[PDB]
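In the deposited numbering, the protein residues as written are 19 to 615. Backbone N, C-alpha and C fix where the C-beta goes; we use that ideal spot for every residue, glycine too.
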Amino acid sequence: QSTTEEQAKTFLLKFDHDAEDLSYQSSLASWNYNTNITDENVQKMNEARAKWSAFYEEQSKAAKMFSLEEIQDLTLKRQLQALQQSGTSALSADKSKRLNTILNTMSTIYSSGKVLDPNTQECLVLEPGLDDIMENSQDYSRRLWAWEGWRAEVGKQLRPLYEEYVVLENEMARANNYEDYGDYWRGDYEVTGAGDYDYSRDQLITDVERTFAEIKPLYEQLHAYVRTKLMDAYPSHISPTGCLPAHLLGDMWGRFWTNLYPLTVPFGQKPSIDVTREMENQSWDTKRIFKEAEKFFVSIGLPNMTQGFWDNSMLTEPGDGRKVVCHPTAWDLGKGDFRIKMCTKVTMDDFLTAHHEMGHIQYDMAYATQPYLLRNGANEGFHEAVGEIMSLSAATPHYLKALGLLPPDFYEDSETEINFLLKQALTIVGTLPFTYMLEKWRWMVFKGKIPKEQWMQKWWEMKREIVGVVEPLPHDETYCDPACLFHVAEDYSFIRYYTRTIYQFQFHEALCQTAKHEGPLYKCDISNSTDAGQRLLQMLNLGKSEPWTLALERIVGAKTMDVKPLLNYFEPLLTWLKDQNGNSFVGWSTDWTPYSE
Ligand SMILES: [Zn+2]
Numbered sequence: 019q020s021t022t023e024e025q026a027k028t029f030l031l032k033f034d035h036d037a038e039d040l041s042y043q044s045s046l047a048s049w050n051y052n053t054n055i056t057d058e059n060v061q062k063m064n065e066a067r068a069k070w071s072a073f074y075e076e077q078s079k080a081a082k083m084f085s086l087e088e089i090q091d092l093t094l095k096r097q098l099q100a101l102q103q104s105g106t107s108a109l110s111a112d113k114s115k116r117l118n119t120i121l122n123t124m125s126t127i128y129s130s131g132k133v134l135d136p137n138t139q140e141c142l143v144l145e146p147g148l149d150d151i152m153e154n155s156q157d158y159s160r161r162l163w164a165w166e167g168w169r170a171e172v173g174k175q176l177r178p179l180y181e182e183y184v185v186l187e188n189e190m191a192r193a194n195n196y197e198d199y200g201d202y203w204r205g206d207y208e209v210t211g212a213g214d215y216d217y218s219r220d221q222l223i224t225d226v227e228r229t230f231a232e233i234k235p236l237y238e239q240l241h242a243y244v245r246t247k248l249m250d251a252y253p254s255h256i257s258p259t260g261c262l263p264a265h266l267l268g269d270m271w272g273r274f275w276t277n278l279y280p281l282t283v284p285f286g287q288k289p290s291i292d293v294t295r296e297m298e299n300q301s302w303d304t305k306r307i308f309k310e311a312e313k314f315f316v317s318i319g320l321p322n323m324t325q326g327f328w329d330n331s332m333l334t335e336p337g338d339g340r341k342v343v344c345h346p347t348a349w350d351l352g353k354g355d356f357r358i359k360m361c362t363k364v365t366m367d368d369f370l371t372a373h374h375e376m377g378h379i380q381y382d383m384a385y386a387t388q389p390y391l392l393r394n395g396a397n398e399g400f401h402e403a404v405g406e407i408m409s410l411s412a413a414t415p416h417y418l419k420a421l422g423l424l425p426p427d428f429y430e431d432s433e434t435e436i437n438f439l440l441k442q443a444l445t446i447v448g449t450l451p452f453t454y455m456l457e458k459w460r461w462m463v464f465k466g467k468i469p470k471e472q473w474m475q476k477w478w479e480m481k482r483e484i485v486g487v488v489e490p491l492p493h494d495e496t497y498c499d500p501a502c503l504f505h506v507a508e509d510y511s512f513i514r515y516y517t518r519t520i521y522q523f524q525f526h527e528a529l530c531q532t533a534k535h536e537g538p539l540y541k542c543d544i545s546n547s548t549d550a551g552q553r554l555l556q557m558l559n560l561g562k563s564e565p566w567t568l569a570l571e572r573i574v575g576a577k578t579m580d581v582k583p584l585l586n587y588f589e590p591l592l593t594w595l596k597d598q599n600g601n602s603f604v605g606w607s608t609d610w611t612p613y614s615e
């Protein structure tokens, strides 16, 4: 009968056999570059990546004559659907070539961003001279001049390419039978043929906006409290009900505000939890962290890293003159070979990133038994949310008390707990309204709601009423604020962070419900509960074999976005905050603006 599937299976077997070795020596070569950057190394990475991309493109062509309706299995259909994608080659040669030469332009000059100090004696760049200026500062004029000087230069040259890039991305989107660029990016959450365990492309936009509404009371309370704290910082340019200027947004993008800790501390006489001296008095090294971490994983059934970790992977930067990338990285080389790199140190932040790197790799070991094309997470957010929830339990006071990092008689005060809330909110949660509304801006930009002639001026126009941030000096159409971020030029999605955050909170709530912990969610501990690990394994094993819809239900019990765990987690803060607005106005007053009047 010779069903097409019986030859597509042989084709997929050949593809797996070739691609396993291809990526394995590519990843082996990839490791040799991160740990050793030379002239020879970059060349062979370029050759290997070019060969891999060419082979993938040939296999994408070879997937074309075998249709998708000839496979009834959903899991097998997913592999062909992933492989069938070609890319930008669908249009004519000239448009594709202009795409490649435009992408080259945003690679070279874009990375050479420069600012000019008013005084010539000091010259600073974005890394790290400027970053100190925006983030680590306690004055107004330095931030103002940095904002003006940086934004004055980069917009003019970089604005015109964005519209051409957008229209060309739309043209490739239409080439692949998609309605627009939004539908091109909204296809990552579409499930068809599964049944009731499905998700709609437009349902994500509607549900996220609905979840934003429940955030608004707590967001207003917190923003009012932080504003009342902030009037002591800039009395002469900010009204007690006015918006924060764009040059007092914490940093370049408003994403990281961590360095502003000394100014906005509620209780400055209560010290934060910092036991850094204690492990230095107990001779704890980075290696010892990895085995005490295992003690938590064995409680949930997760084993340790393979033997190749102990010898091949280095726990610190080499000192033989070779310069490396010190960012902690997660590597899945394949073929049972796994290597792990970071310039870790004995610090609490590195203490958490060590468990992230250990635990986020553990996801790879969970689905390592899946086929090579199914050796991935459920989606973009699941993989990056599994790692973060691991360190949540490692930072609990009980875990440190039982691990020797805390005294046996140590008692934590509720005022001490107050710092931990503000810290992790300021790190992860505080940007959730910002991230959601920025992606709303992009979606209406993608949907065409924002007219083409006001693409950048409505970013500032709705900023007055909706974003509640006032600009210090209006700029004309030539300027491009998104050009200040390196990720924009490289086409990096921003909904991944929001999905990761929501999935991480859902995972934490599900694990705590399984752990049968009682009380507010922040006191939850899942250590030593062997029954809680079997439930986790039920979700870890599936990997990419099942959709996120059903994978989320396997651990949580529901197949919908939920912010009730978030409200429960912040319940004490709400109960302590609702009375605060008695003597303060709620929201940001749009009547008073610093720029016009
Ligand atoms: Zn990770």
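Collapsed DSSP secondary structure at residue i in the structure displayed
i, result
"residue 695", "A query on residue 695 cannot be resolved here, the shown segment of the chain reaching from 19 to 615 and no further."
"residue 463", "helix"
"residue 216", "coil"
"residue 364", "coil"
"residue 276", "helix"
"residue 612", "coil"
"residue 499", "helix"
"residue 343", "coil"
"residue 427", "coil"
"residue 355", "strand"
"residue 178", "helix"
"residue 404", "helix"
"residue 558", "helix"
"residue 263", "strand"
"residue 487", "strand"
"residue 315", "helix"
"residue 82", "coil"
"residue 325", "helix"
"residue 7", "With the chain covering 19 to 615 only, the question about residue 7 has no answer from this structure."
"residue 94", "helix"
"residue 436", "helix"
"residue 205", "helix"
Pairwise C-alpha distance: residue j and residue i
i, j, result
"residue 253", "residue 226", "36 Å"
"residue 112", "residue 347", "38 Å"
"residue 165", "residue 135", "11 Å"
"residue 561", "residue 394", "6 Å"
"residue 140", "residue 345", "29 Å"
"residue 525", "residue 59", "40 Å"
"residue 477", "residue 250", "28 Å"
"residue 417", "residue 424", "9 Å"
"residue 406", "residue 180", "34 Å"
"residue 263", "residue 299", "46 Å"
"residue 220", "residue 295", "52 Å"
"residue 275", "residue 266", "10 Å"
"residue 92", "residue 64", "35 Å"
"residue 584", "residue 463", "29 Å"
"residue 598", "residue 588", "16 Å"
"residue 37", "residue 353", "11 Å"
"residue 204", "residue 520", "18 Å"
"residue 456", "residue 603", "26 Å"
"residue 442", "residue 430", "17 Å"
"residue 47", "residue 69", "13 Å"
"residue 465", "residue 459", "10 Å"
"residue 522", "residue 366", "20 Å"
"residue 234", "residue 439", "18 Å"
Anticipated Cβ contact below 8 Å, residue i with residue j, distance rounded
i, j, result
"residue 217", "residue 496", "No, residue 217 and residue 496 are not in contact; Cβ-Cβ is about 41 Å, not under 8 Å."
"residue 50", "residue 342", "So it is not a contact: roughly 11 Å between Cβ atoms."
"residue 373", "residue 408", "5 Å"
"residue 499", "residue 474", "7 Å"
"residue 565", "residue 100", "The Cβ separation is near 14 Å, so there is no contact."
Touch test, the segment 183-193 against the segment 537-552, Cβ-Cβ under 8 Å, three pairs minimum: Not touching, per the Cβ criterion.
Inter-stretch contact (C-beta, 8 Å, three-pair minimum) for the segment 525-536 and the segment 207-214: No contact exists between the segment 525-536 and the segment 207-214.
Inter-stretch contact (C-beta, 8 Å, three-pair minimum) for the segment 394-409 and the segment 372-379: Three or more beta-carbon pairs separated by less than 8 Å link the segment 394-409 to the segment 372-379, which places the two stretches in contact.
Inter-stretch contact at 8 Å, needing at least 3 Cβ pairs: the segment 385-399 / the segment 306-317: By the Cβ criterion, the segment 385-399 is not in contact with the segment 306-317, since fewer than three pairs of Cβ atoms, one from each stretch, lie closer than 8 Å.
Cβ contact (3+ pairs, closer than 8 Å) linking the segment 322-335 and the segment 352-359: Between the segment 322-335 and the segment 352-359 there are three or more C-beta pairs closer than 8 Å, enough to call the two in contact.
The segment 513-522 / the segment 449-462 touching (three or more Cβ pairs under 8 Å): They touch, by the three-pair rule.
The segment 31-47 / the segment 109-126 touching (three or more Cβ pairs under 8 Å): With contact defined as three or more Cβ pairs closer than 8 Å, the segment 31-47 and the segment 109-126 are not in contact.
Residue ranges of each beta strand (DSSP E) within the segment 97-172, 3 or longer: Listed in chain order, nothing qualifies, since the segment 97-172 has no complete beta strand (DSSP E) run of 3 or more residues.
Complete alpha helix (DSSP H) runs within the segment 497-538 (minimum length 4 residues, chain order): For the segment 497-538, whole alpha helix (DSSP H) runs of length 4 or above, ordered along the chain, are 504-507 and 513-533.
Touching by the beta-carbon criterion (3+ pairs, under 8 Å), the segment 224-241 and the segment 548-562: By the Cβ test, the segment 224-241 is not in contact with the segment 548-562, since fewer than three Cβ pairs between them sit closer than 8 Å.
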